[PDB]
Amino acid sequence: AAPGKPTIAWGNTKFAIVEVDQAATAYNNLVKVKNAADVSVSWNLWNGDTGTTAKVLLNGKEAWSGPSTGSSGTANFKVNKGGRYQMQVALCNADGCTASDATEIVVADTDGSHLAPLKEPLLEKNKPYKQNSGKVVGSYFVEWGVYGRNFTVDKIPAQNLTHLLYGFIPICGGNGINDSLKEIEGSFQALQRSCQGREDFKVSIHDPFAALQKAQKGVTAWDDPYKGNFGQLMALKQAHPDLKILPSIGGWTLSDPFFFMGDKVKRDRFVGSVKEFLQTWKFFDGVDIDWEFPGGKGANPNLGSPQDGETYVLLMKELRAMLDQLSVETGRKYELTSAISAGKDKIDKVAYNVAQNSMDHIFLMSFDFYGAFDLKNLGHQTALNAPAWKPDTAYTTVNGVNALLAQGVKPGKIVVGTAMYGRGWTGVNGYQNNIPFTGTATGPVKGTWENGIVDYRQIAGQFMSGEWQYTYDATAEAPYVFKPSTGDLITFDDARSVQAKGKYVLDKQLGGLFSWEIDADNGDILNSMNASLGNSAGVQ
């Protein structure tokens, strides 16, 4: 007779292809990429003949087989593809094979293949749009927003984006390499811990706890291998297979390393580390470079060189070459983007007409034109146009686009920036004709998280009532609120100014819109980005 039916032994059923060491703070130790997951299964036979061959089946296919030599056994084998498998043990002899009931096993991988889709309800004022315009609709999500701001990946209105950018992935380096981090409490230290035993100029993760280990919706079980932002973004990729999720390298405080990359030894180490990072974290779809900025005038007053232009173009060509190689190794399309200053003085430090040939999209940072960093020369921080009172205003969106176009950049490469925050001042005074932007200020407005900056959610929720004036400047295409008694003045984008930008994009055949930062919106901004670019209301 055929063998008795085996009983699969109770035991761990969760395994990983990319292992995460749960007691490691250094990135080098934290993640271990294997070719295949080591799986184990054991069984007992409570009734009958044990057969002469035991096999482990996944979905009916043999993953292991050996002699059946007693009433219990164990099998250790490798599984090289992520997913959920119905595993059975079968005992066979010449008279037949008898299979156990199936037990699911979970084989983890960083494409999110082991994960349920994370497909969460729209919150706040967000309404559903179809991505059918062909235009970019992007936004940044910040790794540290999961603490105070309490804004997690399950809160992103992901159906309403084409591009989700993760700020920010750091470049390893201590003294003289990331000095701009020292201005943020404990930040520089944290990077040194992550980067322990790791070369400088290779990428790492800045907060491995937030990125990989914090409990979050859908990844809360102790043995879920990937938690935090990365585990949720993997599950988001399962829900939104066409969303481009890009790691963004740099930003205001993590850009110092780029200034060293005129040394091709360092640039090549960087590029190679980016390749390794995308082979490790397969849910990411390319890389965004946010170097602030070639030529200097970024956070560090001691960096910047006339060579930075050339280094930027070389870097993009070499990133593109590495992504094209990754793309054909994998069958995937990988994207290369960059967030750039919109100031013409910074634009013309780079030959974007040359670098565009390597880049899918240019994220024009058409915001921060004005703010509490300059208490004397006030103006709209994210306007499309100059205002009536100063038609020669240098920093406007249109001027940054036109600088790019005047170099020879193709319009379709250019994605226009919209602000999900305001900047502002207090104590504004000495202004004429009821236009507060003609005065000067005494300090920063009281921000939501930091001085001088206010989430749009808070502008809409608190500063559109009581004593606050609200004015839409139709020349500049820009809203502002002003509290006369405290001279508090805030310049921000609203649904109407966003709709202007979006019509301007369609009229000038630009690439789309993107925003900073997704946590600060209540829905009104991203709704308008979508509507204004022609995306159909509704759900695919």
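We number the residues from 1 along the sequence you see.
> Which wins on mean Cα temperature factor, 389-397 or 120-128?
Between 120-128 and 389-397, it is 389-397 that shows the higher mean C-alpha B-factor.
> Between 164-172 and 72-80, which has the higher average C-alpha B-factor in the PDB entry?
Looking at the record's C-alpha B-factors, the answer is 72-80.
> For the C-alpha B-factor as written in the entry, point me to the maximum among 202, 275, 149, 214.
Highest CA B-factor of the listed options: 149.
> In the PDB entry, which of 112, 251, 145, 444 has its C-alpha at the highest B-factor?
Out of 112, 251, 145, 444, the record gives the largest C-alpha B-factor to 444.
> Taking the values exactly as deposited, rank residue 539 by C-alpha B-factor within its chain and report the matching third: lowest, middle or highest.
Highest third, going by the recorded CA B-factors of the chain.
> Which third of the chain does residue 243 land in by C-alpha B-factor: lowest, middle or highest?
Middle third.
> For the chain shown, is the CA B-factor of residue 496 in the lowest, middle or highest third of its modelled residues?
Residue 496: CA B-factor falls in the middle third of its chain.
> Within this chain's modelled residues, let me know which third the CA B factor of residue 60 belongs to: lowest, middle or highest.
As the PDB entry reports it, the C-alpha B-factor of residue 60 lands in the middle third of its chain.
> Please place residue 53 in the lowest, middle or highest third of its chain by C-alpha B factor as given in the entry.
According to the entry, residue 53 has a C-alpha B-factor in the chain's lowest third.
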